[PDB]
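Residue numbers (the entry's author numbering), protein chains in the order written: chain A, 2088 to 2135; chain E, 2233 to 2281. We put the beta carbon where it would ideally sit given N, CA and C, even for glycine.
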Amino acid sequence: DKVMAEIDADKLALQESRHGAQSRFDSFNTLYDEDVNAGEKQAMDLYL
Amino acid sequence: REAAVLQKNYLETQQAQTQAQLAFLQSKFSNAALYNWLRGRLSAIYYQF
């Protein structure tokens, strides 16, 4: 029984790793989906 | 850690049961002492016979 409970707590640890990997992927995806910022595009236009 | 503590309790139970078996082998009537006395007495009677 305690062996099975150890398996359960290890699964909980794995879920808590997966949540942070998910948040990092979502943050990098929403960083990638906007190539330039509004201020970055403004600075490009001002240089031009 | 709690699983390992339960394992140590299991090993203590095994030691207690082996001690109980050793106490039974000491305290049984047909132990080694009875057979030692039987073979000595019977060797004496066998030689005189």
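Could you spell out where the alpha helix (DSSP H) holding residue i opens and where it closes?
i	result
A/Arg-2105	2089-2119
A/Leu-2135	Where A/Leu-2135 is concerned, there is no enclosing alpha helix (DSSP H), given that its DSSP letter is neither H nor E.
E/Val-2237	2234-2259
E/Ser-2275	2264-2280
Just to confirm, are residue i and residue j a CB contact at a threshold of 8 Å?
i	j	result
E/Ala-2235	A/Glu-2121	no
E/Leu-2238	A/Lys-2089	yes
E/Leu-2257	E/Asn-2263	yes
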